[PDB]
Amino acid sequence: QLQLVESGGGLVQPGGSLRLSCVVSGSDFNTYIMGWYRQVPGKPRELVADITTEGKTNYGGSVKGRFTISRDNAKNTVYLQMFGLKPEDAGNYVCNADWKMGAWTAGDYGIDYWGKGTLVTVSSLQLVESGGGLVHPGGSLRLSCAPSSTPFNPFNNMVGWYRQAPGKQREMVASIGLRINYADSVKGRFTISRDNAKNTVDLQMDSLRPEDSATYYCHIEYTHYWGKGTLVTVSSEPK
């Protein structure tokens, strides 16, 4: 089984440049059809470029000569050189390892390889979070969020903590407003609270489990106000 790790994404200005790279762990990298796909939330992956085992290249209809895909077999790396970036190019750029099997490709069966991606953003109140980290199972962490107004301070309104692990939809962990609500998986273990002096909404997490592992986000309910996230990893040492 292959692991694929993309790099090179970031914030780019309209008209600007980027160079994406992906390093593949495994063997017979030169056996694979390497590709770059763009994905935006709530939408399918979309081919940007791909390259055959023989170096033959193919590009999406929107590229129009602006990007170049290339592969280096001795380094197990695929590259996507990008120029003249547009707002339409924004998205998660995910590298794909596919191959032929008979009349179909492994992609068609569904068994091909995909990386987590490298995010590409194109430029034109906000919550900050913290307190995440790596803990053993049974351990403890305290998550914290604060904002960085008039006529209202919506931070005063109901606020929720959420969880998202790669490949899985986001879920609420706890909310605090007139009521305090907890996900069923978390009841008795986590405690959400407010600190008026400190101006924070906090999430105390005890008896942590491997399955708690996820990036946790703070949110003002029924709005578009979201924090960037904070990695939480619950794991025992490899031994």
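Throughout, we count residues from 1 along the sequence that is shown.
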Exercise. How much of the deposited sequence is absent from the coordinates between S148 and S149: none, 1 to 3, 4 to 9, or 10 or more residues?
Worked result: 4 to 9
Seminar exercise, completed: Deposited residues missing from the model between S124 and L125 number 10 or more
For this session: Averaging the C-alpha B factors as listed in the entry, name the stretch that ends up higher: 33-41 or 48-56.
Result: 48-56
Problem set entry | Mean Cα B-factor comparison, 159-167 or 89-97, giving the higher one as deposited | 159-167
For this session: Please work out which residue in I69, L208, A183, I180 has the highest C-alpha B-factor recorded for this crystal structure.
Result: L208
Seminar exercise, completed: From the entry's CA B-factor values, the highest among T215, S17, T223, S21 is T215
Problem set entry | Position of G102 among the chain's modelled residues by C-alpha B-factor, lowest, middle or highest third | middle
Seminar exercise, completed: For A74, the third of its chain by CA B-factor is the highest
Seminar exercise, completed: Binned into thirds over the chain's modelled residues, the C-alpha B-factor of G139 lands in the middle
Problem set entry | For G227, the third of its chain into which the C-alpha B factor falls | middle
Seminar exercise, completed: Here the Cα B-factor of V5, set against its chain, lands in the third termed lowest
